[PDB]
């Protein structure tokens, strides 16, 4: 199943879409500068692009938030004409965030919170569902089920690694196919950035994209360019072969 995000087509048999941006919105000018760089690189390589940012470091020490965050996203969308993606944490956030942000993201540790699931679904926006670090990939079916029961089928599934002992993550490359097979071939994307815990990012990205995926998260010599050239070469090859 493909999802149309403005003029972008996202699907497991389409050319991969890059999701990327900043960890957390600090200011308008630093956001616009970061987004400009991604746009420039993706444009010249011909890779579709969706800008990503959080308005919150929710876990940091006692060390811009919603209304100002949305203002910045509005400007990003005006200047560059691309879609954006952000995370939501509470039901009450969903409708106002969804008014501006094309894709809204369910954090992996909140995936069981059915009140947030309902509030997200109700917006009718495209939703990115991050897989919990503890969950079998065949269990993503059950979260997909909830969204469908809540009346939203515009769903993206997002790998971010699995718990591996204490304080470590491994990515099970078999999980991609399991999610595609059990969840009706919804777009599957790979959060490489959060899976890592640094040519390691490139190895990981390439291994994941070798399984035939809709897209990838990457965080930004011209390292981003160098990575994307290689990922695009691999993606183009894989997508040119019959499934």
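Positions refer to the first chain, counted from 1.
Where residue 220 is followed by residue 221 in the displayed chain, the model omits 10 or more of the deposited residues that sit between the two. In the deposited entry, the stretch joining residue 197 to residue 198 is interrupted by 10 or more residues of the deposited sequence lacking coordinates. Legend: mean Cα B-factor per stretch from the PDB entry, 77 to 85 versus 130 to 138; the higher mean is in 77 to 85. In this entry, the higher average B-factor at the C-alpha atoms falls on 107 to 115, of the pair 107 to 115 and 155 to 163. Set against one another, the Cα B-factors of 193, 185, 31, 211 in the record reach their highest point at 31.
The residue among 10, 234, 18, 25 whose C-alpha atom has the highest B-factor in the PDB entry is 25. Among all modelled residues in its chain, residue 177 ranks in the lowest third by Cα B-factor. Per the PDB record, residue ranking by Cα B-factor puts residue 46 in the middle third of the chain.
When all modelled residues of the chain are sorted by CA temperature factor, residue 146 is found within the lowest third. In this PDB entry, the Cα temperature factor of residue 72 sits in the top third of its chain's modelled residues, the highest group. Among the modelled residues of its chain, residue 120 has a C-alpha B-factor that falls in the middle third according to the deposited record.
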